[PDB]
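Chemist: Pasting a structure below so you can have a look.
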There are 10 protein chains.
Amino acid sequence: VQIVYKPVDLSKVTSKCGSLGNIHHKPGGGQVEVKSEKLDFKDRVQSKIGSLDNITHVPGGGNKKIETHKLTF
Amino acid sequence: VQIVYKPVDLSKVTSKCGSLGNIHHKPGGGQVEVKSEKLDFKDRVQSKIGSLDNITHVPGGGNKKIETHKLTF
Amino acid sequence: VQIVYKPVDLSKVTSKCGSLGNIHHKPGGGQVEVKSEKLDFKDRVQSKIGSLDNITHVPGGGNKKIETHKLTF
Amino acid sequence: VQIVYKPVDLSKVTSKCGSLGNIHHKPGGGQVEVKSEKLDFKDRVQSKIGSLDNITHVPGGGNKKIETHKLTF
Amino acid sequence: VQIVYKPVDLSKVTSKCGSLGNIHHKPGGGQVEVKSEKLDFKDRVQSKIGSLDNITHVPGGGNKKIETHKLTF
Amino acid sequence: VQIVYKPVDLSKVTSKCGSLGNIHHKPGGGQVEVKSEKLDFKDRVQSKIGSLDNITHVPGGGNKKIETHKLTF
Amino acid sequence: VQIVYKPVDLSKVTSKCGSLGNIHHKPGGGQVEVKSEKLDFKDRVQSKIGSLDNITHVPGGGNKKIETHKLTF
Amino acid sequence: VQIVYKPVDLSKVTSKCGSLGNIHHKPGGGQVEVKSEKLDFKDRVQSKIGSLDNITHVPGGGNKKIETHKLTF
Amino acid sequence: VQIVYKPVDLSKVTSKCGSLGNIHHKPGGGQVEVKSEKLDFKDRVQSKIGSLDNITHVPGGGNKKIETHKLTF
Amino acid sequence: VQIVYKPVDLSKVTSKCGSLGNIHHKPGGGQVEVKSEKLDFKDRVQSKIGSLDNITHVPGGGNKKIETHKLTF
């Protein structure tokens, strides 16, 4: 049994911008209201209850490269 | 049994920007209200209750490269 | 049994910016209100209750490179 | 049984900026109010209750490189 | 049984900035109010209750490199 | 009177060459004869009189980028 | 009167070459003869009279970038 | 009168070369003869008269970047 | 009158070369003859008369960066 | 009158070379003959008359950076 694993990757991911310009994020307000009584969470439970998220995300390029390499034997 | 694992990676991820410009994040206000009584969390539970998040994120490039390499035998 | 693990990585992740510009983060105010009575947390529970987060994050580049290499035998 | 683990990494992560510019973080105020009575935390519980976080984070580059290498036998 | 562990790392993480500019962090005020009665914490519990955090963090580069190398046999 | 000048240039000038080959500059000779009596040269005056030039110029890439910006008022 | 000058230049000028080959500059000879009587040279006057130039110039890349910025008022 | 001058330059000028090969500068000889009587040279006057130049110039890259900035008022 | 001058330069000028090869500068000889009677040289006057130059210049990279900044008022 | 001068320069000029090879400067000889009677040289006057120069210049990198800043008022 001879196994040779030799993949080759010379790739590129790129971006360029002259400018991103003016960004204005001015949402109005709001309310989140939640009523509950009894809460029971067990065994790898992930959660959020009741939230308001105001997010401005402006990266000067945000390229992503993901590689998974696996050999099972 | 001979196993040779020799992948090759010469890749690149890049970004460039002249300028990002002016960013104005001015959201209005708000309310988050939660009523509960009894809360029981067990065994690897992850959570948040009741939150307001105002986030401005402006990286001058935020590229990501992720690699996973595994051999199981 | 002969196993040779010799991956090669000559990659790069880069970013450049002329300037990031002016950033103005001026959100209005708010309220977070939570009512509870009895709280019971057991066995690796991670949480937060009731929070207001005003975050400005402006890195001059924040690229990330993550590598996982594992051999199981 | 012969195992050779010799990965090679010549990578780089870099960033450069002309300037980051003026950053103005001036959020309005707020209230966080929490009512509870009985709190019981056991066995590796991590938490926070009731907080207001005003954070300005402006690194002159904050690139990250993470490597995990493990061999199990 | 012969095991040779000889990974090689010649990587670099770098950053440079012309200037970071003027940073003005001037948030308004606020209140955090918490009512509780009975609190019981046991066995590796980590927490904070009731806090106001005003943080300005401006490193002249804050790159991070993390390496984990482990061999189990 | 408000005047804003902010041009952006992200251009590139490049060349690649496999080899420079074999270059032979083997001109024959010659004679240059100049006869005059009176020479009157004044105020931003230049001359080249009576010359033989054998010039070999072989740059391994010799690209040029010329630029200029001006404002008057 | 408000005047703002902030041009941005992220350009590059480059070259690559595999080898410079074989360059042979083997010109024959020559004669330059200049005859005159009276020489009157004044005020920003320059000259080259009577010369033989054998020049070999082989830069391993000789790119040029010229720049200039000016404002008057 | 408010004048702001803040140009940004992140440019690069580069070259790469595999070898410089074989350069042979083997010109034949020559004669330069200049005959005159009266020489009157005054006020910012320069000359080169009667010369033989055998020049070999082989820089291993000789790129140039010229720059200038000026404001008047 | 408020004048602000803050240009930013993060540029680079570079070169790389594998070897400088074999350079042979083997010119033949020559004669330079200059005949005159009266020499009158005054006020910022320079000359080179009657010369033979055998010059070999082989810098292992000889890049130049020239710069200048000026303001008047 | 408020004048602020704060230019920033983070540039680099560099070179790398594998070897300097074999350089042979073997010119033949020659004669330089200059004949005159009266020499009148005054006030910032310089000359080179009657010379033979055999020059070998081989710096192992000889990059130059020239700079200047001036303000008048």
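Each value in this text was obtained by applying a stated rule to the coordinates, not by laboratory testing. Neighbour counts are summed over all protein chains in view; Cβ atoms, including those assigned to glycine, are modelled from backbone coordinates with ideal geometry.
Chemist: Quick check: is even one residue across the range G:47-57 in contact with a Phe, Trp or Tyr (Cβ under 8 Å, 6 or more places away or on another chain) and surrounded by 20 or more Cβ atoms within 10 Å (Cβ to Cβ)? Before the answer, list the steps.
Modeler: Going residue by residue through the range G:47-57, those that are in contact with a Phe, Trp or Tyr (Cβ under 8 Å, 6 or more places away or on another chain) are G:47.
Retained after the next criterion (residues that are surrounded by 20 or more Cβ atoms within 10 Å (Cβ to Cβ)): G:47.
Among the residues of the range G:47-57, at least one is in contact with a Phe, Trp or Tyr (Cβ under 8 Å, 6 or more places away or on another chain) and surrounded by 20 or more Cβ atoms within 10 Å (Cβ to Cβ), which makes the answer yes.
Chemist: Right, something else. Can you say whether residue B:4 is at the interface with chain A (Cβ under 7 Å from one of its Cβ atoms), crowded, with 24+ Cβ neighbours inside 10 Å and part of a strand (DSSP E or B), as far as the supplied structure shows?
Modeler: In short, no.
Chemist: Taking only the range H:18-29 into account, find how many residues are surrounded by fewer than 24 Cβ atoms within 10 Å (Cβ to Cβ) and within 30 Å of residue G:46 (Cβ to Cβ).
Modeler: Number satisfying all stated conditions: 2.
Chemist: Scan the range D:64-73 for residues that are surrounded by 17 or more Cβ atoms within 10 Å (Cβ to Cβ) and not in a strand (DSSP E or B) and report the count.
Modeler: So the answer is 0.
Chemist: In the range A:30-46, which residues are surrounded by 14 or more Cβ atoms within 10 Å (Cβ to Cβ) and free of Cβ contacts under 8 Å to residues at least 12 places away in the same chain?
Modeler: A:39, A:41, A:45
Chemist: Checking the conditions here, which among G:20, G:10 is facing another protein chain (nearest Cβ under 7 Å) and touching a residue at least 12 places away in the same chain (Cβ under 8 Å)?
Modeler: Residue meeting the stated conditions: G:20.
Chemist: Moving on to the next point. For residue B:61, state whether it is outside any strand (DSSP E or B), crowded, with 23+ Cβ neighbours inside 10 Å and out of contact with any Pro (no Cβ under 6 Å at 6 or more places or on another chain). Outline the logic, then answer.
Modeler: Values: outside any strand (DSSP E or B): yes; crowded, with 23+ Cβ neighbours inside 10 Å: yes; out of contact with any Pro (no Cβ under 6 Å at 6 or more places or on another chain): yes.
Yes: the conditions hold for residue B:61.
Chemist: Name every residue in the range E:27-58 that is assigned to a loop (DSSP other than H, G, I, E, B) and touching a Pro at 6+ places or on another chain (Cβ under 9 Å), in order of residue number. Spell out the reasoning first.
Modeler: Of the range E:27-58, the ones assigned to a loop (DSSP other than H, G, I, E, B) are E:27-29, E:36-37, E:43-45, E:58.
Passing the criteria: E:27, E:28, E:58.
Chemist: Going by what's in this entry, would residue H:66 be described as within 25 Å of the chain's Cα centre (by Cα) and under 30 Å from residue F:30 (Cβ atoms)?
Modeler: No.
Chemist: Just checking, does the range G:46-61 include any residue being in contact with a strand residue (DSSP E or B) (Cβ under 9 Å, 6 or more places away or on another chain), within 22 Å of residue F:56 (Cβ to Cβ), facing another protein chain (nearest Cβ under 7 Å) and acidic (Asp, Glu)?
Modeler: yes
Chemist: With touching a strand residue (DSSP E or B) at 6+ places or on another chain (Cβ under 8 Å), among the small types (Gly, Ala, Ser) and under 30 Å from residue F:23 (Cα atoms) as the only criterion, which of H:19, H:11 stands out?
Modeler: Sole residue among the options that is touching a strand residue (DSSP E or B) at 6+ places or on another chain (Cβ under 8 Å), among the small types (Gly, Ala, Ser) and under 30 Å from residue F:23 (Cα atoms): H:19.
Chemist: Being among the β-branched types (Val, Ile, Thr) and under 30 Å from residue H:2 (Cβ atoms) is the filter here, so list the residues in the range I:1-45 that pass it.
Modeler: Within the range I:1-45, I:1, I:3, I:4, I:8 qualify.
Chemist: A further question on this structure: Could you tell me whether residue J:15 is of a type outside the set (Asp, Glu), surrounded by 13 or more Cβ atoms within 10 Å (Cβ to Cβ) and more than 20 Å from residue I:57 (Cβ to Cβ)? Show your work before the answer.
Modeler: Working: of a type outside the set (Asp, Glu): yes; surrounded by 13 or more Cβ atoms within 10 Å (Cβ to Cβ): yes; more than 20 Å from residue I:57 (Cβ to Cβ): no.
Criteria not met by residue J:15.
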